[PDB]
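For reference, work.pdb (PDB, C-alpha atoms):
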ATOM      1  CA  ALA A   1       7.459  -7.829 -39.439  1.00  0.00           C
ATOM      2  CA  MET A   2       9.083  -4.607 -38.295  1.00  0.00           C
ATOM      3  CA  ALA A   3      10.174  -4.615 -34.652  1.00  0.00           C
ATOM      4  CA  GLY A   4      10.952  -1.257 -33.036  1.00  0.00           C
ATOM      5  CA  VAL A   5      10.925   0.852 -29.907  1.00  0.00           C
ATOM      6  CA  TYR A   6       9.122   4.109 -29.326  1.00  0.00           C
ATOM      7  CA  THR A   7      10.626   6.109 -26.481  1.00  0.00           C
ATOM      8  CA  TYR A   8       9.156   8.912 -24.451  1.00  0.00           C
ATOM      9  CA  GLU A   9      10.634  10.880 -21.626  1.00  0.00           C
ATOM     10  CA  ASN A  10       8.852  13.038 -19.175  1.00  0.00           C
ATOM     11  CA  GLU A  11       9.339  14.397 -15.678  1.00  0.00           C
ATOM     12  CA  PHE A  12       7.119  15.557 -12.812  1.00  0.00           C
ATOM     13  CA  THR A  13       8.144  17.404  -9.705  1.00  0.00           C
ATOM     14  CA  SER A  14       7.222  17.054  -6.045  1.00  0.00           C
ATOM     15  CA  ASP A  15       7.729  18.607  -2.620  1.00  0.00           C
ATOM     16  CA  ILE A  16       8.178  15.283  -0.925  1.00  0.00           C
ATOM     17  CA  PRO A  17      11.853  14.470  -0.651  1.00  0.00           C
ATOM     18  CA  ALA A  18      13.099  11.658  -2.830  1.00  0.00           C
ATOM     19  CA  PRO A  19      13.556   8.895  -0.249  1.00  0.00           C
ATOM     20  CA  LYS A  20      10.073   9.220   1.480  1.00  0.00           C
ATOM     21  CA  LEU A  21       8.499   9.071  -1.921  1.00  0.00           C
ATOM     22  CA  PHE A  22      10.537   6.095  -3.032  1.00  0.00           C
ATOM     23  CA  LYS A  23       9.394   4.146   0.024  1.00  0.00           C
ATOM     24  CA  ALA A  24       5.822   5.124  -0.425  1.00  0.00           C
ATOM     25  CA  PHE A  25       5.473   5.080  -4.227  1.00  0.00           C
ATOM     26  CA  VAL A  26       7.926   2.374  -5.260  1.00  0.00           C
ATOM     27  CA  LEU A  27       8.430   0.181  -2.246  1.00  0.00           C
ATOM     28  CA  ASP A  28       4.865   0.040  -0.784  1.00  0.00           C
ATOM     29  CA  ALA A  29       2.890   0.895  -3.917  1.00  0.00           C
ATOM     30  CA  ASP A  30       1.040  -2.422  -3.588  1.00  0.00           C
ATOM     31  CA  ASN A  31      -0.406  -1.291  -0.325  1.00  0.00           C
ATOM     32  CA  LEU A  32      -0.388   2.488  -0.406  1.00  0.00           C
ATOM     33  CA  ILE A  33      -1.994   2.920  -3.822  1.00  0.00           C
ATOM     34  CA  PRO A  34      -5.269   1.003  -3.431  1.00  0.00           C
ATOM     35  CA  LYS A  35      -5.709   3.012  -0.170  1.00  0.00           C
ATOM     36  CA  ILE A  36      -5.642   6.352  -1.871  1.00  0.00           C
ATOM     37  CA  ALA A  37      -7.286   5.755  -5.247  1.00  0.00           C
ATOM     38  CA  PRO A  38      -9.797   3.032  -4.741  1.00  0.00           C
ATOM     39  CA  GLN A  39     -11.810   4.491  -7.635  1.00  0.00           C
ATOM     40  CA  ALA A  40      -9.010   3.697 -10.048  1.00  0.00           C
ATOM     41  CA  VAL A  41      -7.102   0.776  -8.338  1.00  0.00           C
ATOM     42  CA  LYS A  42      -9.005  -2.064  -6.655  1.00  0.00           C
ATOM     43  CA  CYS A  43      -6.184  -4.408  -5.717  1.00  0.00           C
ATOM     44  CA  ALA A  44      -2.494  -5.384  -6.321  1.00  0.00           C
ATOM     45  CA  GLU A  45      -1.120  -8.899  -5.989  1.00  0.00           C
ATOM     46  CA  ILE A  46       2.216 -10.703  -6.465  1.00  0.00           C
ATOM     47  CA  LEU A  47       1.820 -13.723  -8.755  1.00  0.00           C
ATOM     48  CA  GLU A  48       5.501 -14.755  -8.542  1.00  0.00           C
ATOM     49  CA  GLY A  49       8.760 -13.859  -6.870  1.00  0.00           C
ATOM     50  CA  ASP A  50       9.742 -12.021  -3.735  1.00  0.00           C
ATOM     51  CA  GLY A  51       8.955  -8.641  -5.277  1.00  0.00           C
ATOM     52  CA  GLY A  52      12.545  -7.957  -6.265  1.00  0.00           C
ATOM     53  CA  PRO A  53      13.961  -8.508  -9.736  1.00  0.00           C
ATOM     54  CA  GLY A  54      11.977 -11.017 -11.759  1.00  0.00           C
ATOM     55  CA  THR A  55       8.698 -10.682  -9.877  1.00  0.00           C
ATOM     56  CA  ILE A  56       5.365 -10.695 -11.673  1.00  0.00           C
ATOM     57  CA  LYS A  57       2.592  -8.479 -10.285  1.00  0.00           C
ATOM     58  CA  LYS A  58      -1.008  -8.380 -11.381  1.00  0.00           C
ATOM     59  CA  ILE A  59      -2.533  -5.000 -10.644  1.00  0.00           C
ATOM     60  CA  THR A  60      -6.328  -4.879 -10.743  1.00  0.00           C
ATOM     61  CA  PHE A  61      -8.070  -1.648 -11.809  1.00  0.00           C
ATOM     62  CA  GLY A  62     -11.577  -0.287 -11.203  1.00  0.00           C
ATOM     63  CA  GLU A  63     -13.162   2.320 -13.478  1.00  0.00           C
ATOM     64  CA  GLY A  64     -11.493   3.729 -16.609  1.00  0.00           C
ATOM     65  CA  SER A  65      -9.583   0.611 -17.718  1.00  0.00           C
ATOM     66  CA  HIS A  66      -9.950  -0.834 -21.205  1.00  0.00           C
ATOM     67  CA  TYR A  67      -9.092  -4.356 -19.966  1.00  0.00           C
ATOM     68  CA  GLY A  68      -9.406  -3.996 -16.163  1.00  0.00           C
ATOM     69  CA  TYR A  69      -5.850  -5.073 -15.211  1.00  0.00           C
ATOM     70  CA  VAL A  70      -2.156  -5.149 -16.030  1.00  0.00           C
ATOM     71  CA  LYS A  71       0.733  -7.400 -15.238  1.00  0.00           C
ATOM     72  CA  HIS A  72       4.196  -6.051 -14.462  1.00  0.00           C
ATOM     73  CA  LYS A  73       7.559  -7.774 -14.430  1.00  0.00           C
ATOM     74  CA  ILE A  74      10.092  -6.030 -12.204  1.00  0.00           C
ATOM     75  CA  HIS A  75      13.395  -5.702 -14.107  1.00  0.00           C
ATOM     76  CA  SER A  76      15.350  -3.968 -11.279  1.00  0.00           C
ATOM     77  CA  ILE A  77      15.110  -1.952  -8.041  1.00  0.00           C
ATOM     78  CA  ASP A  78      17.898   0.190  -6.660  1.00  0.00           C
ATOM     79  CA  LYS A  79      17.040   1.366  -3.150  1.00  0.00           C
ATOM     80  CA  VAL A  80      20.239   3.358  -2.702  1.00  0.00           C
ATOM     81  CA  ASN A  81      20.104   5.151  -6.025  1.00  0.00           C
ATOM     82  CA  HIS A  82      16.269   5.584  -5.878  1.00  0.00           C
ATOM     83  CA  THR A  83      15.559   4.010  -9.230  1.00  0.00           C
ATOM     84  CA  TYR A  84      13.189   1.491 -10.516  1.00  0.00           C
ATOM     85  CA  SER A  85      12.635  -0.359 -13.795  1.00  0.00           C
ATOM     86  CA  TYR A  86       9.845  -2.701 -14.852  1.00  0.00           C
ATOM     87  CA  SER A  87       7.723  -3.778 -17.825  1.00  0.00           C
ATOM     88  CA  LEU A  88       4.068  -3.692 -18.551  1.00  0.00           C
ATOM     89  CA  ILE A  89       3.569  -7.182 -20.091  1.00  0.00           C
ATOM     90  CA  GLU A  90      -0.075  -8.110 -20.392  1.00  0.00           C
ATOM     91  CA  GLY A  91      -3.127  -5.981 -20.058  1.00  0.00           C
ATOM     92  CA  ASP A  92      -4.100  -2.453 -20.488  1.00  0.00           C
ATOM     93  CA  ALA A  93      -1.934  -0.506 -22.880  1.00  0.00           C
ATOM     94  CA  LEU A  94      -1.079  -3.488 -25.065  1.00  0.00           C
ATOM     95  CA  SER A  95      -2.324  -4.963 -28.260  1.00  0.00           C
ATOM     96  CA  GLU A  96      -1.100  -6.980 -31.250  1.00  0.00           C
ATOM     97  CA  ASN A  97       0.923  -3.926 -32.235  1.00  0.00           C
ATOM     98  CA  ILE A  98       2.342  -3.019 -28.839  1.00  0.00           C
ATOM     99  CA  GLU A  99       4.003  -6.155 -27.535  1.00  0.00           C
ATOM    100  CA  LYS A 100       5.316  -4.589 -24.382  1.00  0.00           C
ATOM    101  CA  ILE A 101       6.041  -1.347 -22.585  1.00  0.00           C
ATOM    102  CA  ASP A 102       9.061  -0.660 -20.423  1.00  0.00           C
ATOM    103  CA  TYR A 103       9.273   1.950 -17.715  1.00  0.00           C
ATOM    104  CA  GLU A 104      12.314   3.177 -15.919  1.00  0.00           C
ATOM    105  CA  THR A 105      11.936   5.768 -13.170  1.00  0.00           C
ATOM    106  CA  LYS A 106      14.479   7.904 -11.462  1.00  0.00           C
ATOM    107  CA  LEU A 107      13.687   9.976  -8.469  1.00  0.00           C
ATOM    108  CA  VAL A 108      16.193  12.798  -8.151  1.00  0.00           C
ATOM    109  CA  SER A 109      16.651  15.398  -5.486  1.00  0.00           C
ATOM    110  CA  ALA A 110      15.694  18.827  -6.817  1.00  0.00           C
ATOM    111  CA  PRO A 111      16.547  22.244  -5.345  1.00  0.00           C
ATOM    112  CA  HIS A 112      16.142  22.276  -2.467  1.00  0.00           C
ATOM    113  CA  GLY A 113      15.163  19.182  -0.420  1.00  0.00           C
ATOM    114  CA  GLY A 114      12.300  18.260  -2.910  1.00  0.00           C
ATOM    115  CA  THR A 115      12.098  15.743  -5.795  1.00  0.00           C
ATOM    116  CA  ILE A 116      12.001  15.242  -9.519  1.00  0.00           C
ATOM    117  CA  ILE A 117      10.416  12.127 -10.858  1.00  0.00           C
ATOM    118  CA  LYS A 118      12.038  11.191 -14.153  1.00  0.00           C
ATOM    119  CA  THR A 119      10.283   8.492 -16.151  1.00  0.00           C
ATOM    120  CA  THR A 120      11.333   7.073 -19.546  1.00  0.00           C
ATOM    121  CA  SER A 121       8.726   4.968 -21.374  1.00  0.00           C
ATOM    122  CA  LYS A 122       9.640   2.466 -24.123  1.00  0.00           C
ATOM    123  CA  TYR A 123       6.984   1.072 -26.455  1.00  0.00           C
ATOM    124  CA  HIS A 124       8.087  -2.157 -28.018  1.00  0.00           C
ATOM    125  CA  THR A 125       6.218  -2.093 -31.347  1.00  0.00           C
ATOM    126  CA  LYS A 126       5.364  -4.726 -33.947  1.00  0.00           C
ATOM    127  CA  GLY A 127       4.387  -3.692 -37.495  1.00  0.00           C
ATOM    128  CA  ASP A 128       3.291  -0.210 -38.509  1.00  0.00           C
ATOM    129  CA  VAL A 129       3.666   2.200 -35.602  1.00  0.00           C
ATOM    130  CA  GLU A 130       0.597   4.221 -34.741  1.00  0.00           C
ATOM    131  CA  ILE A 131       0.912   5.686 -31.220  1.00  0.00           C
ATOM    132  CA  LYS A 132      -1.579   8.427 -30.568  1.00  0.00           C
ATOM    133  CA  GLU A 133      -0.538  11.550 -28.627  1.00  0.00           C
ATOM    134  CA  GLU A 134      -3.814  11.135 -26.732  1.00  0.00           C
ATOM    135  CA  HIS A 135      -3.300   7.619 -25.424  1.00  0.00           C
ATOM    136  CA  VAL A 136       0.142   8.792 -24.199  1.00  0.00           C
ATOM    137  CA  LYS A 137      -0.706  12.176 -22.688  1.00  0.00           C
ATOM    138  CA  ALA A 138      -3.801  10.622 -21.221  1.00  0.00           C
ATOM    139  CA  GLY A 139      -1.346   8.304 -19.483  1.00  0.00           C
ATOM    140  CA  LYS A 140       0.818  11.194 -18.268  1.00  0.00           C
ATOM    141  CA  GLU A 141      -2.220  12.760 -16.572  1.00  0.00           C
ATOM    142  CA  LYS A 142      -3.158   9.499 -14.841  1.00  0.00           C
ATOM    143  CA  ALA A 143       0.287   9.236 -13.310  1.00  0.00           C
ATOM    144  CA  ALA A 144       0.438  12.970 -12.588  1.00  0.00           C
ATOM    145  CA  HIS A 145      -2.867  12.781 -10.671  1.00  0.00           C
ATOM    146  CA  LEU A 146      -1.722   9.724  -8.822  1.00  0.00           C
ATOM    147  CA  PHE A 147       1.542  11.415  -7.686  1.00  0.00           C
ATOM    148  CA  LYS A 148      -0.506  14.406  -6.571  1.00  0.00           C
ATOM    149  CA  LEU A 149      -2.646  12.082  -4.415  1.00  0.00           C
ATOM    150  CA  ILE A 150       0.534  10.633  -2.957  1.00  0.00           C
ATOM    151  CA  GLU A 151       2.052  14.044  -2.110  1.00  0.00           C
ATOM    152  CA  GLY A 152      -1.155  15.087  -0.452  1.00  0.00           C
ATOM    153  CA  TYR A 153      -1.532  11.913   1.535  1.00  0.00           C
ATOM    154  CA  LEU A 154       2.059  11.837   2.702  1.00  0.00           C
ATOM    155  CA  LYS A 155       1.825  15.458   3.825  1.00  0.00           C
ATOM    156  CA  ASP A 156      -1.196  14.412   5.880  1.00  0.00           C
ATOM    157  CA  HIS A 157       0.777  11.477   7.360  1.00  0.00           C
ATOM    158  CA  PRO A 158       4.247  12.796   8.225  1.00  0.00           C
ATOM    159  CA  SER A 159       4.901  10.005  10.683  1.00  0.00           C
ATOM    160  CA  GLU A 160       4.886   7.645   7.731  1.00  0.00           C
ATOM    161  CA  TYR A 161       7.662   6.402   5.373  1.00  0.00           C
ATOM    162  CA  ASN A 162      10.534   7.979   7.255  1.00  0.00           C
TER     163      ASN A 162
END
For this file, write the structure as structure tokens.
Amino acid sequence: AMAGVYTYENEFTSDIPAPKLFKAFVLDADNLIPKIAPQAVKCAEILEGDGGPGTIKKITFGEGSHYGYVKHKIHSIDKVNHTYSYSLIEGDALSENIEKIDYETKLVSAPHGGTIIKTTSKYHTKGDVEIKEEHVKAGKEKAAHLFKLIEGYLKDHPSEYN
């Protein structure tokens, strides 16, 4: 049975400077996200580990989830370089034919003072590979919205994540 890896890059941009964002979005996601999108994210909970490399998180969704949750395994976190890698491993985007999805995200400092969020997504496939543009671009939008909500919030809370 054919094993393979579908790979998809995209970027977003943001006014928020890289480090604030990293603290908010990566480092306190568990807390900050449910606060600002309770429609779409009920809860977030660490099943195992500190929360560094090797941790397993269950994230629990509200409306607009096929399965109503995911689990993530954190592969790495680099606070100094502002990068993050993990793997979706059980739940929402997966199936018999998509064993796993890997994300790696690099925040980079744009011109001038702002940020560029670079994400690379890696679909570990089994068997024939059908991966619909929809399911993928639908995903882009979800994340794009979510980052927009973070910008907005953080701009309304400048005493935070400094």
Result set, the PyMOL selection byres ((chain A and resi 115) around 9) on current file, as a list in words: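 Applying the PyMOL selection byres ((chain A and resi 115) around 9) to the structure shown produces residues 12, 13, 14, 15, 16, 17, 18, 19, 21, 107, 108, 109, 110, 111, 112, 113, 114, 116 and 117 of chain A.
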Near residue A:159, within 12 Å and counting only C-alpha atoms, which residues show up once chain neighbours fewer than 5 positions away are dropped, as a PDB file with C-alpha atoms, in the coordinates of the input?
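Output (result.pdb):
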ATOM      1  CA  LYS A  20      10.073   9.220   1.480  1.00  0.00           C
ATOM      2  CA  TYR A 153      -1.532  11.913   1.535  1.00  0.00           C
ATOM      3  CA  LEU A 154       2.059  11.837   2.702  1.00  0.00           C
TER       4      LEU A 154
END
Result set of the PyMOL selection byres ((chain A and resi 103) around 6) on the coordinates above, as a PyMOL selection string: chain A and resi 85-87+102+104+120-121
Create the file for the chosen residues now, containing C-alpha atoms and written as a CSV table (one decimal), in the coordinates of the input.
chain,number,residue,atom,x,y,z
A,85,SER,CA,12.6,-0.4,-13.8
A,86,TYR,CA,9.8,-2.7,-14.9
A,87,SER,CA,7.7,-3.8,-17.8
A,102,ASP,CA,9.1,-0.7,-20.4
A,104,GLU,CA,12.3,3.2,-15.9
A,120,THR,CA,11.3,7.1,-19.5
A,121,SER,CA,8.7,5.0,-21.4
Residue IDs satisfying the PyMOL selection byres ((chain A and resi 42) around 10), as a list in words: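 This file gives the following for the PyMOL selection byres ((chain A and resi 42) around 10): residues 33, 34, 35, 37, 38, 39, 40, 41, 43, 44, 59, 60, 61, 62, 63, 68 and 69 of chain A.
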Given only C-alpha atoms as the counted atoms, nearest of A:72, A:157, A:82, A:106 to residue A:27: A:82
One-decimal distance in Å that lies between atom CA of residue A:46 and atom CA of residue A:156: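 Taking atom CA of residue A:156 as the start and atom CA of residue A:46 as the end point, the length is 28.2 Å.
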Contacts of residue A:91 within 7 Å, only C-alpha atoms, excl. fewer than 6 positions in-chain, as a ChimeraX atom specification: /A:67,69-71
Separation of atom CA of residue A:99 from atom CA of residue A:84 in Å: 20.8 Å
May I have the centre and edge lengths, in Å to one decimal, of an axis-aligned box around the listed atoms of stretch 127-136 of chain A with 3 Å added to every side, as JSON?
{"center_x": 0.3, "center_y": 3.9, "center_z": -31.4, "size_x": 14.2, "size_y": 21.2, "size_z": 20.3}
Separation of atom CA of residue A:93 from atom CA of residue A:127, in Å and rounded to one decimal: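 Calculated distance between atom CA of residue A:93 and atom CA of residue A:127 is 16.2 Å.
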Give me, as a tab-separated table (two decimals) with C-alpha atoms, in the coordinates of the input, all polymer residues having an atom no more than 12 Å from residue A:130, counting all atoms listed in the file and skipping those fewer than 3 positions away in the same chain.
chain	number	residue	atom	x	y	z
A	4	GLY	CA	10.95	-1.26	-33.04
A	5	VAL	CA	10.92	0.85	-29.91
A	6	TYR	CA	9.12	4.11	-29.33
A	95	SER	CA	-2.32	-4.96	-28.26
A	96	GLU	CA	-1.10	-6.98	-31.25
A	97	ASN	CA	0.92	-3.93	-32.24
A	98	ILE	CA	2.34	-3.02	-28.84
A	123	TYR	CA	6.98	1.07	-26.46
A	124	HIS	CA	8.09	-2.16	-28.02
A	125	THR	CA	6.22	-2.09	-31.35
A	126	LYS	CA	5.36	-4.73	-33.95
A	127	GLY	CA	4.39	-3.69	-37.49
A	133	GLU	CA	-0.54	11.55	-28.63
A	134	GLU	CA	-3.81	11.14	-26.73
A	135	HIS	CA	-3.30	7.62	-25.42
A	136	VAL	CA	0.14	8.79	-24.20
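Shortest atom-to-atom contact with residue A:119 among A:89, A:143, A:74, A:94: A:143, counting only C-alpha atoms.
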Which residue of A:58, A:9, A:65, A:118 approaches residue A:30 most closely, using all atoms listed in the file: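 Looking at the shortest contact to residue A:30, the residue is A:58.
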Nearest candidate to residue A:101 (options A:1, A:8, A:142, A:147; using only C-alpha atoms):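 Counting only C-alpha atoms, the residue closest to residue A:101 is A:8.
The smallest atom-to-atom distance between residue A:151 and any of A:57, A:28, A:36, A:7, using all atoms listed in the file, is found for A:36.
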Missing atoms in stretch 50-72 of chain A should be modelled up to N, CA, C and O atoms and reported as a short mmCIF file (atom, residue, chain, number, x, y, z; two decimals), in the frame of the given file.
data_model
loop_
_atom_site.label_atom_id
_atom_site.label_comp_id
_atom_site.auth_asym_id
_atom_site.auth_seq_id
_atom_site.Cartn_x
_atom_site.Cartn_y
_atom_site.Cartn_z
N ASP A 50 9.71 -12.76 -4.97
CA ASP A 50 9.74 -12.02 -3.74
C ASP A 50 9.04 -10.68 -3.93
O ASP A 50 8.28 -10.24 -3.08
N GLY A 51 9.29 -10.06 -5.08
CA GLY A 51 8.96 -8.64 -5.28
C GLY A 51 10.19 -7.85 -5.67
O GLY A 51 10.12 -6.65 -5.92
N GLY A 52 11.33 -8.54 -5.72
CA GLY A 52 12.54 -7.96 -6.26
C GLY A 52 12.59 -8.23 -7.74
O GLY A 52 11.56 -8.46 -8.36
N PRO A 53 13.79 -8.20 -8.32
CA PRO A 53 13.96 -8.51 -9.74
C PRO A 53 13.33 -9.83 -10.14
O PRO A 53 13.53 -10.84 -9.49
N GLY A 54 12.54 -9.80 -11.20
CA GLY A 54 11.98 -11.02 -11.76
C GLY A 54 10.55 -11.28 -11.34
O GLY A 54 9.90 -12.15 -11.89
N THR A 55 10.06 -10.52 -10.38
CA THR A 55 8.70 -10.68 -9.88
C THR A 55 7.65 -10.40 -10.94
O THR A 55 7.86 -9.57 -11.83
N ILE A 56 6.52 -11.07 -10.85
CA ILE A 56 5.36 -10.70 -11.67
C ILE A 56 4.24 -10.21 -10.79
O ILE A 56 3.78 -10.96 -9.94
N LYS A 57 3.77 -8.98 -10.99
CA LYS A 57 2.59 -8.48 -10.28
C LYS A 57 1.41 -8.39 -11.22
O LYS A 57 1.58 -7.98 -12.36
N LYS A 58 0.23 -8.77 -10.74
CA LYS A 58 -1.01 -8.38 -11.38
C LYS A 58 -1.59 -7.22 -10.62
O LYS A 58 -1.79 -7.34 -9.44
N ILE A 59 -1.86 -6.12 -11.28
CA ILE A 59 -2.53 -5.00 -10.64
C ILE A 59 -3.93 -4.88 -11.19
O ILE A 59 -4.08 -4.78 -12.39
N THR A 60 -4.93 -4.88 -10.31
CA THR A 60 -6.33 -4.88 -10.74
C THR A 60 -7.01 -3.51 -10.62
O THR A 60 -7.12 -2.97 -9.53
N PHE A 61 -7.49 -2.98 -11.74
CA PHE A 61 -8.07 -1.65 -11.81
C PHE A 61 -9.59 -1.65 -11.63
O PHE A 61 -10.25 -2.69 -11.82
N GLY A 62 -10.14 -0.49 -11.26
CA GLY A 62 -11.58 -0.29 -11.20
C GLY A 62 -12.03 0.39 -12.48
O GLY A 62 -11.84 -0.16 -13.56
N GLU A 63 -12.59 1.58 -12.35
CA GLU A 63 -13.16 2.32 -13.48
C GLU A 63 -12.07 2.96 -14.35
O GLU A 63 -10.98 3.32 -13.88
N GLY A 64 -12.39 3.10 -15.64
CA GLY A 64 -11.49 3.73 -16.61
C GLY A 64 -10.33 2.86 -17.06
O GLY A 64 -9.24 3.38 -17.35
N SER A 65 -10.55 1.55 -17.11
CA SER A 65 -9.58 0.61 -17.72
C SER A 65 -10.23 -0.08 -18.89
O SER A 65 -11.27 -0.69 -18.73
N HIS A 66 -9.59 0.00 -20.06
CA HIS A 66 -9.95 -0.83 -21.20
C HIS A 66 -10.15 -2.33 -20.82
O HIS A 66 -11.24 -2.89 -21.00
N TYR A 67 -9.10 -2.94 -20.27
CA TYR A 67 -9.09 -4.36 -19.97
C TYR A 67 -9.25 -4.74 -18.50
O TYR A 67 -9.40 -5.92 -18.18
N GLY A 68 -9.19 -3.76 -17.60
CA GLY A 68 -9.41 -4.00 -16.16
C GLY A 68 -8.23 -4.52 -15.35
O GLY A 68 -8.38 -4.75 -14.18
N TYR A 69 -7.06 -4.70 -15.95
CA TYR A 69 -5.85 -5.07 -15.21
C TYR A 69 -4.56 -4.82 -16.01
O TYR A 69 -4.58 -4.52 -17.20
N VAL A 70 -3.42 -4.97 -15.35
CA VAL A 70 -2.16 -5.15 -16.03
C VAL A 70 -1.41 -6.28 -15.36
O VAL A 70 -1.83 -6.75 -14.30
N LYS A 71 -0.31 -6.71 -15.98
CA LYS A 71 0.73 -7.40 -15.24
C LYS A 71 2.04 -6.69 -15.44
O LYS A 71 2.28 -6.19 -16.50
N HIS A 72 2.88 -6.66 -14.41
CA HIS A 72 4.20 -6.05 -14.46
C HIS A 72 5.27 -7.07 -14.13
O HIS A 72 5.09 -7.89 -13.24
#
